[PDB]
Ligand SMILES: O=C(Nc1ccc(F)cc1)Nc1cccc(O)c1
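The chain that follows stands alone, in the form deposited without the named molecule, written as structure tokens.
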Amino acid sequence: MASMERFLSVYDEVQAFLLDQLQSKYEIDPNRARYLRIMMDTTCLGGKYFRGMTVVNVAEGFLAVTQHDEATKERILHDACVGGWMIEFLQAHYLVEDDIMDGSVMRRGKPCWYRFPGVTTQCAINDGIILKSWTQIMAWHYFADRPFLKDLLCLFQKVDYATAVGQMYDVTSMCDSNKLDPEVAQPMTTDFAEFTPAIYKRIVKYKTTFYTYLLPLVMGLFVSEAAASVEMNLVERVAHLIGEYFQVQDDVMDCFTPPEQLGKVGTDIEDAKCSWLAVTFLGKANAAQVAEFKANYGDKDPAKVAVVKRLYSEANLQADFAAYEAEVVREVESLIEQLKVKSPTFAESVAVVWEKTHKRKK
């Protein structure tokens, strides 16, 4: 659409500013410049731009109802795009490191960045680090004189930290808590006692929901100078609820959506993740099903993986997904209605974000 081509045009400006800076200030050679250019394209582009386009949507909502000079309108949209790219690049940073940590093979229908032959884990770790640093270069350069600069940096820091904390909860979600010990190699849980909805909710709240929904929605408010015009407690509740749903969808897709469609190859069963499928299965299985799950979960062996998928299909988790979805539809609509008391415009943005999320097939 544009909107999205216009958003991508701002990516072009940001890439040129970043790479011209590397040549002019960081003594970079043209071949390392080209490597960082392809790195940025491979890691930042080719997705749906949900996060970045969410900040644009929120900004456009307020521009429709607020009086501004034309030049001001132009500035607000451009700030929305740059703010949207900071999040897309923060996401890029997490996905590069996540793919290494998850042992994944494909991202956005291409090899994970670390699996590019001329990349490898060694470089990719540091390239993911660079992606996050570029987010701060963008912010300091583009928003230097903006009133919202300090609030934005502080919120960005907290979202980032929550995400890294969340990634720790995730990567250790298959170990017994009482057995974590840097000194002792971590064995997988045999009881699965920590595969509960509460624990699942905590992992997901931190690892995903701050950056996929909370940050973009509040960033759209910041660039609009409209933050004080919403109830922040409601923004957070609805972010965390739509975020959790987004991650539940991701978990279902990891197992059940063909890689040609999804653009990734699922690893949750083999990595022994505390996914929504595993928790929900365990929430309804009889003693024999639990037993068979335990004998097959968290192994690379394709025959073992197939048994778990069979257990999932037989357990009729599509009923559970339907009942979970219907509950979230209830809760999201209820939050949108509460948002409209102070912010009809922001509520409608949340409605659109919800609608796009709910219908994605990724």
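In case it trips you up, residue 1 is the first one in the sequence shown, and so on.
Stretch comparison (39-47 versus 23-31) by mean CA B-factor in the PDB entry places 23-31 on top. 227-235 and 154-162 differ in mean CA B-factor, and the higher of the two is recorded for 227-235.
Across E88, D170, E97, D145, the greatest Cα temperature factor reported in the deposited entry is at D145. Compared with the other modelled residues of the chain, the Cα B-factor recorded for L221 ranks in the lowest third. Looking at the C-alpha B-factors along this chain, the one for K179 belongs to the highest third.
Among the modelled residues of its chain, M188 has a C-alpha B-factor that falls in the highest third, as given in the PDB entry.
Ranked within its chain, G103 lands in the middle third, by CA B factor from the PDB record. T120: CA B factor in the middle third of modelled residues in this chain (values from the PDB entry).
The same protein also has a form deposited with the named molecule bound, omitted here; what follows describes it.
When contacts are judged by a 4.5 Å heavy atom cut-off, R146 does not count as touching the named molecule in the deposited bound form.
When contacts are judged by a 4.5 Å heavy atom cut-off, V238 does not count as touching the named molecule in the deposited bound form.
Taking the partner from elsewhere, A303 is found to have every heavy atom lying beyond 4.5 Å of the named molecule in the deposited bound form. Interface membership of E333, defined by any non-hydrogen atom within 4.5 Å of the named molecule in the deposited bound form, is ruled out. Scanning 322-358 for heavy atoms within 4.5 Å of the named molecule in the deposited bound form gives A323, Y324, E327 in sequence order.
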